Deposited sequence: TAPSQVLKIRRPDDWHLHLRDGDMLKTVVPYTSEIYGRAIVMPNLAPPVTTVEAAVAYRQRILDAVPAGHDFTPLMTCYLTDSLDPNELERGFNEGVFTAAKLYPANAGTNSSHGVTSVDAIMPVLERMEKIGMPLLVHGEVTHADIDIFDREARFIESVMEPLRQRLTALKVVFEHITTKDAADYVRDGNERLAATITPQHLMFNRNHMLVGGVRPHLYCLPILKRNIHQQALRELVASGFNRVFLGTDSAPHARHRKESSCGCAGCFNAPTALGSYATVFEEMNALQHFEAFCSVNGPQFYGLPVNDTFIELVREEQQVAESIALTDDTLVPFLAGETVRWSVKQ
C-alpha cells in the first residue's frame, strides 16, 4: 500500500565488468539510476582516455532502449599515469573522477596535485594492505596513516571516502569539511560480520572493506539517518560468477544492483529517517560532484518481492544479494 515518490537516483559507486557480464548486469542499473560512477578496475584497468571512451561505448551498447542512463567514467590511478592524460580526459568530459585503490601516494603526488588544481574528485578505497595489519583494522589504519596526511597536504582536493564500513570513518566524515564525502553500500547498513559468519560462512556477503562488528554497522545507520548531507548512495555492486564466489577462495563483492534501492528504503524506514532518503539517493551526490539533480521521478511501493535465486550468465549463474529472500520495498 504505502508509496514513496523520489527524484530518480544515481549510483555513485558501481562495478559493471566487461563483455558478457557487462551485458547481463547493466540493465539492473540503467532501468533505475539516471547516472552511475563506473569503477575502472577492469583487467587490465582503465588508465587512459582511449580505454575509457571504448569502455563507455560498450556500456552504452548494453543499455536497453528507453533507459536514460549515463555512465560517468573513472580513471584507475597508477604509477605511470601522466597527469596530462588524466586532465585531458577530465577536460574532454571522459573522466568524471579518479579512483585510488590501496607503489605509494607520495609516488603519485603530481597526479593528485593536478586533480586538486582542476577540481577533479578523488575516490578512495581507504584500506592499508600490509600483511601485518588485521583485515578488520585496515580502514581505521588508512585514516590515520594516509587519508588525514593526504587531506592536510592537499586542502582543496575533493575526496569521496568510498564504501565506509566503520564508526572510525563515519566519525571522520561527519566531522570533516565540505571537501570530504562518503558512500555507503546497502550491505554495510543492513548487516554486520555476524551475518556473514554465524551459522555458516556466506561468501555472497563477503566483500571489501570487510563487514565489521555491529557497533560499526550501527554508526553507519546513524550517520545516514541523521540527514548528514555528504553521505550518498553508492552500491558497490560488484558481481562475480556463482562458482567464483562459492569456491575454495571466494571473490570479494556483492551483486546488489537488483536489490539496493529497496534495501536502502528499508534501512531509512527502520531508522525513522525516510525524510532523508531522497537526498541520500538523489541529491547529496550531485551536490558534492557539482552535477544537476535528475529531473525525473520514480516510485517505491512497500510490497514484498522475493528476490530471484539466480540470474543467468552465458556460463554459470550470478547470485544476487539477498537471493531468495523477501525485500520489503520495490520499485513501482
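Colleague: Identify which parts of the deposited sequence carry no C-alpha coordinates, going from the N-terminal end onward.
Modeller: According to the deposited record, C-alpha coordinates are absent for 1 to 3, 106 to 116, 347, which together make up the missing parts.
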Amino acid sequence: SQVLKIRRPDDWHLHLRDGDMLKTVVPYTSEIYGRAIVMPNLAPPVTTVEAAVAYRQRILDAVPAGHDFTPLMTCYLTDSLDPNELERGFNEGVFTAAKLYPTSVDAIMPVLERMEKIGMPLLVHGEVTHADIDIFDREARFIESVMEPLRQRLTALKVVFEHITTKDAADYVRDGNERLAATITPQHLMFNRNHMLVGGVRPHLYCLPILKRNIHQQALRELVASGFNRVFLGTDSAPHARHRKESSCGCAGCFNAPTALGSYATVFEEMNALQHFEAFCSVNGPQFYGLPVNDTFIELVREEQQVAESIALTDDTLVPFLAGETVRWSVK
From here on, numbers count along this sequence of modelled residues.
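For clarity, a rigid core is taken as the largest C-alpha set superposing within 1.5 Å between two forms.
Colleague: Say the other structures are aligned on the rigid core; which stretch then has the higher CA RMS in 7 other deposited structures of this protein, 223 to 231 or 103 to 111?
Modeller: Higher root mean square deviation of C-alphas in 7 other deposited structures of this protein is shown by 103 to 111.
Colleague: Is the mean CA B factor in the deposited entry higher across 299 to 307 or across 270 to 278?
Modeller: The entry gives the higher C-alpha B-factor average to 299 to 307.
Colleague: Comparing recorded Cα B-factors across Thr235, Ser248, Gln152, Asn194, which one is largest?
Modeller: It is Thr235.
Colleague: Consider only the C-alpha atoms of the modelled residues in this chain, order them by B-factor as the entry records it, and name the third containing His188: lowest, middle or highest.
Modeller: Answer is middle: the recorded C-alpha B-factor places it there.
Colleague: Could you tell me which third, lowest, middle or highest, the C-alpha B-factor of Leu16 occupies within its chain?
Modeller: Its C-alpha B-factor, which the entry lists for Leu16, ranks in the middle third among residues of this chain.
Colleague: If you rank the chain by CA B-factor, which third does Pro40 end up in: lowest, middle or highest?
Modeller: Tercile = middle for this residue's CA B-factor.
Colleague: Sorting by Cα B-factor within the chain, modelled residues only, which third would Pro209 end up in: lowest, middle or highest?
Modeller: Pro209: CA B-factor falls in the lowest third of its chain.
Colleague: Considering only modelled residues of the same chain, in which third does the CA B-factor of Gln217 rank: lowest, middle or highest?
Modeller: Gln217: CA B-factor falls in the middle third of its chain.
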